[PDB]
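Below is one structure, written out as structure tokens, with a few remarks after it.
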Number of protein chains: 2
Amino acid sequence: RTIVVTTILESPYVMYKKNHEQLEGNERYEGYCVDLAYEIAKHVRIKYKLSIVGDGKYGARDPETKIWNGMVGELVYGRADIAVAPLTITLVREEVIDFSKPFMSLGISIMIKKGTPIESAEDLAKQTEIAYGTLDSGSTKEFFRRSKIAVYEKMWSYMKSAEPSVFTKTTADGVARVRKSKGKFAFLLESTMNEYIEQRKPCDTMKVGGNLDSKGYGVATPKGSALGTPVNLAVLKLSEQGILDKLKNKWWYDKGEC
Amino acid sequence: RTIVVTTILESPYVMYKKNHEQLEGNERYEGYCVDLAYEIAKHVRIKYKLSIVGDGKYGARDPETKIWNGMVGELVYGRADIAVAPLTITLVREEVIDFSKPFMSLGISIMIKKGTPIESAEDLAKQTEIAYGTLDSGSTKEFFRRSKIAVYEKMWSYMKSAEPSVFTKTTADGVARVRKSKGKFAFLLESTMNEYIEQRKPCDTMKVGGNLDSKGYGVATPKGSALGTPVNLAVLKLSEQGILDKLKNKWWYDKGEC
Ligand SMILES: N[C@@H](Cn1cc(F)c(=O)[nH]c1=O)C(=O)O
Ligand SMILES: N[C@@H](Cn1cc(F)c(=O)[nH]c1=O)C(=O)O
Ligand SMILES: [Zn+2]
Ligand SMILES: [Zn+2]
């Protein structure tokens, strides 16, 4: 009866409230996805419990062990009824889970430290003085592993074999490494996170270029779940009433410290 | 065995080839959607026949007669197996047909004649000297009919009752009326068309402002069609290989005459 909503700690989507550690259940969290889960549950009329995924990963299938980890895995093996998160709608995932139409548009972007002499993906691919990496084990990393485009083929070639590891267990680790690297590390991350950080102190980073691709986040359910339909109509409705567009403004630009 | 693909005459999506009238079948057409239909059929492995919808409408349900017209209607009553077109993924439609994940992102934008003193939706709503309208009987018109947002409520109020009719049987009629109106008519149309025109002679129009909303075009099939799944995976695949992104460039920016 109570729906398990799997989710991940990623700002500004799901974040601990100023005084969690002092609260319980869904009270402990806040963010875009928290508000979104709340809206969806209201229109779908369910009680739900937010659960932060254990391994803190998004979802990939190990090639040797064939097992799905992360949020996707929680759905695939039934431990979660629905994931509300910045979960990218990719082809491999859609074969094993279900996705609503996107609730947010985005694309892979480049985040530099202010004053870095990089404007584009080519600017980065045609040099070695500035290191650059991506979040680990996610759709951004995969974008490059798979690309058949010259420049992205160049980039994946550099990153795939870079010492130390240019990937990062987390978004914050990439951001941190951009801030601490005196303009000698560009981070490749999804435009939405990039845009969020750009409005946070010490306001020393910035989005350069246009996006490398296009894609969306979907609310995801297990393949064949009875919840799939209501959930999709719910997201579309929130879209049509401007809600998503009201929620984006709130967590990105009103929280803006610059 | 041969799949009927319903479609509409809308540039640059589906357009007559320089010397149709002299050709037959799918040969008569070209455009983004023609290339897209072709790609999809290749991965789904079907022979198909392109059909331009009779009434030249997108799809709405008459309130008195309860009947669906346009491309949607062709799917709903089985005369078409799949629509490949600039068909907006809206809530009311998704209740009766099926939609792939979006193959293109867009939003309602404002198209002025160069030099018009309008930058935004508020700029337009706070005056009466410049008329402004929308395509008729489509999701853009509906966006305003439904909006609960002050400024859009103002705008729909003006348009709903404007003499002569500010709506337009067609995109081209709106564009034409913008070009012939000496900066006394702004056209409200989807960003993608707006962007296309902006790069066409006599290059006397331009997109002003940001978009009023967000949404996508989906490839649509009848509700429950066995084709729904293959089609969705196909669109996602084309996305991941950069195809859609190769096709956008081709019909928008390489055809560019400015
Ligand atoms: N949403 C992603 C995960 N994810 C998040 C990021 F912020 C990012 O830069 N890259 C990435 O893959 C996908 O679902 O794996
Ligand atoms: N794609 C639309 C139709 N459509 C097209 C336009 F170019 C436009 O400006 N407005 C609109 O509603 C929907 O599916 O009705
Ligand atoms: Zn804490
Ligand atoms: Zn002709």
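Numbers run from 1 along the shown chain.
Per the header: X-ray crystallography, 2.8 Å.
Note that Cβ sites are derived from N, Cα and C of the backbone, with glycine treated the same way.
Per Swiss-Prot, L-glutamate binding site is recorded for A:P86, A:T88, A:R93, A:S139, A:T140, A:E190, and the stated evidence type is experimental evidence. The feature disulfide bond is assigned by Swiss-Prot to A:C203-A:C258.
Recorded features from Swiss-Prot, shown on the structure.
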residue	record	contacts (Cβ under 8 Å, 6+ apart)
A:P86	L-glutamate binding site	A:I8, A:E10, A:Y13, A:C33, A:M104, A:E190, A:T192, A:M193, A:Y217
A:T88	L-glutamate binding site	A:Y58, A:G138, A:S139, A:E190, A:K215, A:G216, A:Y217
A:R93	L-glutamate binding site	A:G59, A:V72, A:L87, A:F99, A:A220
A:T140	L-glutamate binding site	A:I108, A:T134, A:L188, A:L189, A:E190
A:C203	disulfide bond	A:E257, A:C258
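Under the three-state DSSP scheme, A:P86 (L-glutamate binding site) falls in the coil class. Take the recorded positions A:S139, A:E190, A:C258: by the count of other Cβ atoms within 10 Å of each Cβ, the lowest one is A:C258.
Note: the L-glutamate site is recorded as A:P86, A:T88, A:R93, A:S139, A:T140, A:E190; in the same chain, A:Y58, A:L87, A:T90, A:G138, A:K215, A:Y217 also have Cβ atoms within 8 Å of that site's Cβ centroid. Checked against ligand 1, the recorded positions A:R93, A:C203, A:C258 give no residue with a Cβ under 6 Å from it. When secondary structure is read from DSSP and collapsed to three states, A:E190 (L-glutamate binding site) falls in the strand class. The binding residues for L-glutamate are recorded as A:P86, A:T88, A:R93, A:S139, A:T140, A:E190; their greatest pairwise CA distance is 18 Å. Classification of A:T140 (L-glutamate binding site) by DSSP places it within a helix.
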